[PDB]
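Below are the C-alpha cells for one structure; questions will follow.
Think of it as A, B, C and D in the order they're written, each chain with its own count starting at 1.
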Amino acid sequence: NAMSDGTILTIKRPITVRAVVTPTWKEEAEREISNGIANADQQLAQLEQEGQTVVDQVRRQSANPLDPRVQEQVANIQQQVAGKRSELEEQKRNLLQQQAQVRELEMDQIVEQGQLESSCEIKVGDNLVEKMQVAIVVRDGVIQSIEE
Amino acid sequence: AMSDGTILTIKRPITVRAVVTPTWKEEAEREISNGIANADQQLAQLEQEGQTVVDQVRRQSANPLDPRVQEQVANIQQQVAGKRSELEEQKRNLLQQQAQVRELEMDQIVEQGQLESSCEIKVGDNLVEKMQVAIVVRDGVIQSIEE
Amino acid sequence: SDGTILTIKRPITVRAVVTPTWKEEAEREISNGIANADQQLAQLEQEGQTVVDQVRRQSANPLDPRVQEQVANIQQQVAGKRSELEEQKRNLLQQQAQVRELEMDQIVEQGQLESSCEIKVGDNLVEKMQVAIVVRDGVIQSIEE
Amino acid sequence: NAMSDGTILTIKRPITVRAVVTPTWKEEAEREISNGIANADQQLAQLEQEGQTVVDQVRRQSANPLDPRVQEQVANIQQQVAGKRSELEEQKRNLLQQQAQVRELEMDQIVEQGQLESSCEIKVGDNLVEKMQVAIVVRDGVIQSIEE
C-alpha cells in the first residue's frame, strides 16, 4: 500500500568536486602526489627491514637449520612480505601515473577531485540516478558553478 | 505552565525496490559476475600461494620424504582445504543468484537495498512506522512510495 | 560569528517502556542465546572427545610423550573455550533475571539514534546534545532534553 | 550542465572543537589522563603475567625443552607480548605527553579538543575551502565563538 505522490523524501547522495586548473592548484596537487610516492617508497624500505629481522628471530628456535616447523614460518613471512610489497608497489604505480597526468595538465582545464557527502529530496517521477550525479566546479577554493 | 513540543530529526533507512527490466538484469548479471571473477582469482592465489609454501619447505630439508616434512605438508593441505571450502561456498551462492536473476519474470518487484534518509519525530509518532518507508524504482525512475 | 547558527550531529538515547509485549520479545532472545550456548557446550565436548581419540590412534604407547602432550593441549583449549561460553551463559541468565525482576511500566535503555541539532554562541554543548526519547510499543511517549 | 541559477546544495562539513583552558577543565583532563595511564600499566602487568602462565603451561604440557613444537609456540608468545607491550607503551608515552602539556599550559589558552560532524549550505560564489575551516571555542561546556 502506497503514500501520496506528494510525499517528499530526503536521501543522502554524493557530490562530485571538479577543479579548474590553476597554478596554485597544480602545486598543491603535485606536492600531495609526491609525498604519496615518497611515503610509499619509505614504507617498502621499512617492510623489507622488518621482514629480515622477524626471519632472524624465528631461525633462533632450532639448532637445525633444516627444521620444517621453522622453514614453513619463514615461507609464510616471505609470502606475507611479498604480497604486501606487491600491494604498495601498486599504489606507487597509480601515484606515478597520476603525477604524469597532473603535470601534463594545462591552465583552465577541468579535473575530477573527489566527492562530498550531500543530501537532497526525491519524489515520485524523479530520476534517482540523475540525483546521484550533481557536481560542483571549484576555482582556487571558490564555487564557479553547479552542474547536474 | 508549559508543554514541550520539540520535533527531532532522525536517520532512517528507506528500502529500495527495483522493477525487473532488461537493463536491471544486464546490470545485475554484471555485478554477480564481478563477484564470481573475484572468487576465482582468490581461489587460484590461495592454491599457488599454498603450493609455493609446500615447495619451499620440501626444498629446505634435503629430504622431502622425512616424516616431519610430510606432517607440515599435511597442514598446508588441510589449511588450504579449509579456506577453499569457504570460497567455493561463496561462488555457489553467487552462481545461485545468477540462476534466480535469469529466473525472474519481467516486471517483478525485487529487493535492492537501502538509502540513508532522515525524517522528523515528535510525541505520538510511531517510530517503528518511520523506519519502514520504501520506494519502487524502474530503470532509475521512482514509481511510488510504499511501506 | 555574528549570530551564526551551526547544525551538528548528535545521538539520541532511546529508552523503552516495559510492556508485556517487550518482556515477551526480550525473553525469547535471551532464551535463544542460552539454548544456543548450551548446544555449543555439548558440541565442544562431543568434538573434543573425538579429536583426543584420533590423536591417541597415533602411537601404540598410551603414555607416549607426544600423545600425552597433544591431549593436554586439546583439553586446555576445551577448558578455555568452555570458560567463555559459560561466562556468556551467566551474562544471559543475569539479564534474564533482570528482565523478570523488572516491573511493568518501567524505563530501560535501548541504544542510540543518529540525530542533528542547532548551536549558536552562549549555548551549552552538552545540554544541546544529550536528549532521550521514551517509546512504548513503537509510539513515542516522551522526549527529555 | 548549467543548474538553474539560484541552486543551493547541502554538504557534510567537519567542525573543529577547541577548548578554553580552565581550572575545572584541567581537573577533568588530569583525572581522565590518569585513569588511562593507570589502566595502561595495569594492562601491561596482566600481559606479562598471562604470557608467563602460558609459557609454563606449554612447558608442563610437553616433555623436554628444545622441542620443535614447543619453540614455535613459546617464541610465538614472546613475540606476541612484545608487540602488545609496544602498543601499550606507545599509549603510555602518549598519555604522559598530554599530561605534560595539560600541566604546562597557562589559563585562558585555546586547545584542540576533537571534531564534530555538521552540515551547511553552499552556493555559487561561496568559498568551499573556507566552509571546511570552521571551528568552535568552548569554555566549561559553553560556546565562546565560531571561528575562521
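Definition applied: a residue touches a chain if its C-beta (ideal position, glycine included) is under 8 Å from a C-beta of that chain, and two chains touch if they have at least 3 such contacts.
**Student:** Which of the two pairs, C-D or B-C, is linked by more C-beta contacts?
**Tutor:** Of C-D and B-C, more C-beta pairs in contact link C-D.
**Student:** What whole-number Å value describes the gap between the mean CA coordinates of chain A and chain B?
**Tutor:** Here chain A and chain B have centroids separated by 22 Å.
**Student:** How many Å are there between the centre of chain B and the centre of chain D, using C-alpha atoms for each centre?
**Tutor:** Computed from C-alpha means, the inter-chain centre distance equals 32 Å.
**Student:** Hey, what residues on chain A touch two or more of the other chains?
**Tutor:** Within chain A, residues 69, 119 contact more than one other chain.
**Student:** Name the graph shape formed by the protein chains and their touching pairs; answer line, ring, star, complete or other.
**Tutor:** Basically the chains close up into a ring.
**Student:** So, with touch as defined above, which chain pairs make the list?
**Tutor:** A-B, A-D, B-C, C-D
**Student:** Taking the complex as given, what residues does chain C use to touch chain B?
**Tutor:** Contacts found on chain C: 12, 113-117, 131, 133, 135, 138-143, 145.
**Student:** Please name which positions on chain D make contact with chain A in the complex.
**Tutor:** Where chain D meets chain A, its residues are 1-3, 7, 9-12, 66, 68-69, 71-72, 75, 79, 119, 122-130.
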